[PDB]
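Numbers and lists here come from the model and the stated rules, or from a named source; no laboratory instrument gave them. Cβ coordinates were reconstructed from backbone atoms using ideal geometry, including for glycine residues, and neighbour counts include every protein chain displayed.
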Amino acid sequence: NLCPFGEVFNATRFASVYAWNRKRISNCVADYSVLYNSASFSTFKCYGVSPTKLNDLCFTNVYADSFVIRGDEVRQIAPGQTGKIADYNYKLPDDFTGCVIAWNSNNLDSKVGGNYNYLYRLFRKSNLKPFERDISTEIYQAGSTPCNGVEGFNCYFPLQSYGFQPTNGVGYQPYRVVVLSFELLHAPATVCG
Amino acid sequence: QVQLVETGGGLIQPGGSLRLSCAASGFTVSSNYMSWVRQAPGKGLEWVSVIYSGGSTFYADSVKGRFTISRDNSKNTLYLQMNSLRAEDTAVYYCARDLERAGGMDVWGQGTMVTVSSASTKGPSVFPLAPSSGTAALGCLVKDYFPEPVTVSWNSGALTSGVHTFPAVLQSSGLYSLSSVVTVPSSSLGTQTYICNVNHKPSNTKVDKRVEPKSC
Amino acid sequence: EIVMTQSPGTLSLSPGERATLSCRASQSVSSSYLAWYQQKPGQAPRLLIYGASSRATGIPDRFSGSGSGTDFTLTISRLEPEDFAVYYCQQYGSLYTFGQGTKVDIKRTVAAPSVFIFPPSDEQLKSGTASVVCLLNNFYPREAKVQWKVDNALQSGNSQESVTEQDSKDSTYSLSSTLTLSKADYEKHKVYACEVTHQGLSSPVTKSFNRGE
Ligand SMILES: *[C@@H]1O[C@H](CO)[C@@H](O)[C@H](O)[C@H]1NC(C)=O
């Protein structure tokens, strides 16, 4: 039928960035008309693809990844970036082909007194490879003494809360992000405009 | 057990180069957010550079393209390579560990001093600040020396009461200037000798200057 | 560039009083990314508070923190003699920036400075430069203005100031101001005056001399 973009975009819940959600889009026609011609997006940037041309193309599969970050971090959802999000939460490859879409969701995802449901990974020994998803909750060992599952000095829970409050500045407000990857394989195409 | 110790500070010329080291104990440098923070004489704290556990580095605008932060995991040591140094890089450089929401910058070193100057070593000229014709005030103006520090005493250490030795100021010429004064009973001006002892080790200069009322 | 501004610049209190230091961010930042540090002369900073209100390890209970949005507060409920130092706020949500700091003063009754003026010595004059020195002795509080006048012309941009740390016994400050001229210009003028303004003076006090006398 029609590719179920609404299930992704108009979803009541969104994932924390460290456990970002991925929907696989196959065997349907995708019209990007609603997305490119909606005035409700803070960010709509495409790489290796032009948005108008999207309805004139065909891919093996499309991937829709979804999560929440803060505004100042949306710039890290792009090829070749660095920072806590790009390094330890969600990493785009340098040859990325697809589009990043983001919109302010302060009305949905912020709570007076702090919304502590949305998390980000703060500690990680090494960088993420592109499209890697790390859901570990092992205690982070910042020294040479083993932590053994208990928090303490040099032994920290690797995930931290954003604590979105509606009073935050726009750079610290939650933004919902959808990353569309258009994958080109040597196989029959199943997603078209 | 937890210790950050900075080394490598010294005097260097503008356009020069220097590499600061920060040896760590009690935590692993490569496992942490590690920062350099500097403090110019008499001013506040200015963040300089940071390296993430994963290798990402970031820099303050005032050092971009001139400073480079790095680390050696084998020696558990953080480094700051500083090129094209300017006079305003003169500061104490601290090395610090950051925990962000998990606990801020909880571990600091005690810092190493970096001085960037065109000036060559030069001993101070010592002039009297003569009491004018209750309380009398007299002193010594210790002018045009480099580098810091100088030490000033009065009567070879016997006279300490009422002595104020002021922090040096850096002059437009790149040389330092300082004053040390003392208030005494006016009557004492007739019965007591006052000599200021100025020692500047970097030029091995030692001056003993007597300060007396000028005669009208 | 997030700018942090602390207020006031100096806080004057006695041991046992309550200290309230304010920090304002130029942009709204989450309380998650706010910290307070203490610094004593010659020592490195020491973390007091992280995440706006969480005390760090070892920090006594008299230290508390609060705030949100652009305004944050550090509170020392009852001041101990150890608490007299400088305090910086910091945001660490977008790299790191600090405030200019707030100094906590040992308070005492207002005391006016004793003012002295020193002409240049003949020896320094032989070398071609003239340094005139004005001393402000044992005053409280630190705020003090020194106005150099040369033949009643207000001088600006040719003097430098220095201030001592608060005295450990009488808790006063001292200041020294130096006016520097060439001998050629020093000998073009007669009256050299230093005018001092301070809370303990109902009127500005002027100390002067005439060159050649
Ligand atoms: C989400 O709901 C709005 C309003 O009904 C609709 O216009 C939009 O197309 C929906 N989401 C998408 C893009 O499918």
Problem set entry | Pair list, Cβ < 9 Å and 6+ apart or interchain, from the stretch C:177-188 residues that are outside the structural domain of residue C:133 (by CATH) to residues that are polar (S, T, N, Q) and part of a helix (DSSP H, G or I) | none
Problem set entry | the stretch B:30-45, residues that are within 20 Å of residue B:99 (Cβ to Cβ) and within 12 Å of chain C (Cβ to nearest Cβ) | B:33, B:35, B:36, B:37, B:45
Problem set entry | Residue in the stretch A:174-186 that is surrounded by 15 or more Cβ atoms within 10 Å (Cβ to Cβ), within 14 Å of chain C (Cβ to nearest Cβ), among the aliphatic types (A, V, I, L, M) and assigned to a strand (DSSP E or B) present | no
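Give the residue that is surrounded by the most Cβ atoms within 10 Å (Cβ to Cβ), with candidates limited to residues of the stretch B:167-216 that are among the β-branched types (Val, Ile, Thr) and within 13 Å of chain C (Cβ to nearest Cβ). Walk me through it before giving the result.
We begin by selecting, within the stretch B:167-216, every residue among the β-branched types (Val, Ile, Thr); these are B:169, B:181-184, B:191, B:193, B:195, B:198, B:205, B:207, B:211.
Narrowing the set further to residues that are within 13 Å of chain C (Cβ to nearest Cβ) leaves B:169, B:181-184, B:207, B:211.
Numbers: B:169: 18, B:181: 26, B:182: 22, B:183: 22, B:184: 19, B:207: 18, B:211: 22.
Top of the filtered list is B:181.
Among the residues of the stretch B:92-112, is there at least one that is away from chain C (no Cβ under 14 Å) and either in contact with a helix residue (DSSP H, G or I) (Cβ under 7 Å, 6 or more places away or on another chain) or hydroxyl-bearing (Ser, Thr, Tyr) (or both)?
Taking the stretch B:92-112 first, the residues away from chain C (no Cβ under 14 Å) are none.
No - not one qualifying residue is present in the stretch B:92-112.
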Exercise. Do you know which residues across the stretch C:72-128 are among the basic types (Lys, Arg) and out of contact with any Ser or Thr (no Cβ under 6 Å at 6 or more places or on another chain)?
Worked result: C:78, C:126
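Take residues that are within 26 Å of the chain's Cα centre (by Cα) and within 20 Å of residue A:87 (Cβ to Cβ) and tell me which of the strands (runs of 3 or more DSSP E) falling wholly in the stretch B:1-87 contain 2 or more. Step through it out loud before you land on a result.
Working: elements: B:3-7, B:18-25, B:33-39, B:45-51, B:57-59, B:67-72, B:77-82.
Of the strands (runs of 3 or more DSSP E) lying wholly inside the stretch B:1-87, those with at least 2 residues that are within 26 Å of the chain's Cα centre (by Cα) and within 20 Å of residue A:87 (Cβ to Cβ) span B:33-39, B:45-51, B:67-72.
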Seminar exercise, completed: The residue that is farthest from the other protein chains (Cβ to nearest Cβ), considering only those in the stretch B:146-162 that are closer than 18 Å to residue C:162 by Cβ and surrounded by fewer than 17 Cβ atoms within 10 Å (Cβ to Cβ), is B:151
For this session: Take the stretch C:85-121 and flag every residue that is assigned to a loop (DSSP other than H, G, I, E, B) and either over 22 Å from the mean Cα position of the chain (by Cα) or at positive phi (or both).
Result: C:92, C:93, C:94, C:95, C:96, C:101, C:119, C:120, C:121
Exercise. Out of all the residues in the stretch A:145-163, which are within 27 Å of residue A:73 (Cα to Cα) and facing another protein chain (nearest Cβ under 8 Å)?
Worked result: A:154, A:156, A:157, A:160, A:161, A:162, A:163
